């Protein structure tokens, strides 16, 4: 068995808004993504692109509190059926017989707050970990400014009363606009690269 | 065959100014570098050191526009003959029969503006991607302050009119001086480390 | 022999305060750490967690001259018996016959100031290289605010008069409190990830 493994999911051209992301005001929406991870001997490197198109993201409730939200969270999961809040799709594994457990991040020993999926507050704010600064690309009148991303391996309490370790990425826009229904266009960000310890070196199924 | 490969170019001495770098005022200059790259199963990691010695970098013209310039760009290329704006030198491949195409970055899906080499405008500002913060080391009276580095995989229209994907690094100084002919010394920065998706896993020639 | 190798030291529990760290007021103290490193074909990646508990860190002398320190340094070393200022413990190598010399960082060609362990000032400030921003987790009255980490490969003159290359991590707290003996609690930070070139590709003993 290889001491190196890769997982890829999403659309190479950020074309299919199958991701379920949530704004800091608890409004879900849809975005495209491209996720490319490698496990090198127990260290997980995750490369993530995200794109949100106002014409394919869904309904933006009016109201100051809803339109003025600047943050949104994307969950990267290796438990694509048991615990997958953002709906990361099945992808491509290399070697093809490698277990998805090869992309589970190690338990985070700083012990951040649990994301409790049983209380149906769908927004979790990633807060404890590295903050990286990005400038995204726009089209239309949408202008988020620069976006910092907080990255935090987090225990997620599923409805089955068990905790699973996922990576929360919270995108922190400098300016309001993505969630204001009068503002239109697209914002695309990445590659957002995160490194953390994996639960294990790569294992075959 | 190997799922991991390495490319090394430049000199550890940082005293061979063969790099063709360009200030935001469109003034070319000579600088030293040391580039060490690894491809791990389709993920490209780049370590770059840059060093500029005012006595070897070439004539610095006077005038506010030239002397007050704080930004400069270095292009990292895997197409050393066909599209190599900053003159990355032939280097060492491990294993020795691995193809340079193993160090090609994957097309950036956020689609940033193309660098058109045919326009005879040598400076391109890296804008879209991660910004990392460095403190460099100086000698002499030269003092750039801290330097942030923006890192962007970019399509480049080469002089043969094929489009190639390269990595733009724009170094953003806090203080002017590097391009002031009355300010002398050296500045050395690094290791500046970038991760992005490669176009492929490693392949032999 | 593998072109990939791993080293792990410390405890995931972050409750064994055997690390010897030093504040900016030259006061030593004890902390817990969990260090996981990988060498991929000559590229060294370091994941580091640090935790400090006021009940186990040791005596914090009184007086603003001591209590107002916001910075501390942690030395990551591969020379565990000859040059190991923070007392990184023997750990676990994968594969088990791989040399510790596989985790030695390459000499830093920007040539930052040497740390001479034979003289009597224990605090060394990491200055030259990347600065990364983290938010840590607290318990108790302790609040350091956010913490930036400066990461610098550094020549260290050991007490045997040989110079070794090590990695200096200086943790820069936004607020004082950690070294004020009337403030109690814990602070845990990470994963702090650093990449730099290794002195060599992995080699077996």
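Okay, here's what the table says:
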| item | result |
| --- | --- |
| Other-copy label distances relative to residue B:59, 7 angstrom Cα-Cβ extension, nm | 6.8, 6.9 |
| Computed helical MRE - 222 nm, chain A, DSSP H runs ≥ 4 contributing -39500 (n - 2.57), nearest 500 | -500 deg cm²/dmol |
| Label point 7 Å beyond Cα along the C-beta direction, distances from residue A:18 to other copies (nm, shortest first) | 4.6, 4.7 |
| Efficiency of FRET from Cβ geometry, residue B:97 and residue A:101, R₀ 30 Å, rounded to 0.05 | 0.30 |
| Residue among B:103, B:138, B:21 with the largest mean-square fluctuation in a Gaussian network model of chain B, springs linking Cα atoms under 10 Å | B:138 |
| Shielding score for C:114-121, defined as the mean number of other chain Cβ atoms within 10 Å | 0 |
| Segment C:1-88: equivalent-ellipsoid semi-axes (sqrt of 5 x gyration tensor eigenvalues, Cα, Å) | 29, 13, 11 |
| Spherically averaged projected area in nm², based on the convex hull that wraps the Cα atoms of the protein assembly as shown | 28.4 |
| Where Rh is the Kirkwood radius over Cα pairs, Rg/Rh for chain A | 0.96 |
| Selected from B:86, B:32, B:111 as most flexible by GNM, with chain B as the system and alpha-carbon contacts under 10 Å | B:111 |
| At 7 Å out from Cα toward Cβ: residue B:96 inter-copy label distances (nm, ascending) | 3.5, 3.5 |
| Measure of compaction for segment A:72-169 (Cα Rg per 2.2 N^0.38 Å) | 1.21 |
| Cβ nearest the rotation axis (B onto A), residue from chain B and distance to the nearest whole Å | B:40, 3 |
| Equivalent ellipsoid semi-axes - Cα gyration tensor, segment B:136-188, angstrom | 31, 13, 8 |
| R0 of 60 Å, Cβ-Cβ distance residue C:81-residue A:204: FRET efficiency to nearest 0.05 | 0.95 |
| Per-residue average of Cβ from other chains inside 10 Å of B:2-11 | 4 |
| Chain B: most fluctuating residue of B:52, B:192, B:130 per GNM, C-alpha cutoff 10 Å | B:130 |
| Chain lengthening between residue A:159 and residue A:56 when straightened (0.36 nm per residue, less Cα-Cα) | 34.2 nm |
| Segment B:5-64 and segment B:161-187: distance between their alpha carbon centers, rounded to Å | 9 |
| Per-residue average of Cβ from other chains inside 10 Å of A:37-49 | 6 |
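Read-outs throughout are calculated quantities, based only on the coordinates presented, and are distinct from any laboratory measurement. We place every Cβ from the backbone using ideal geometry, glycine too, and count neighbours over all the protein chains shown.
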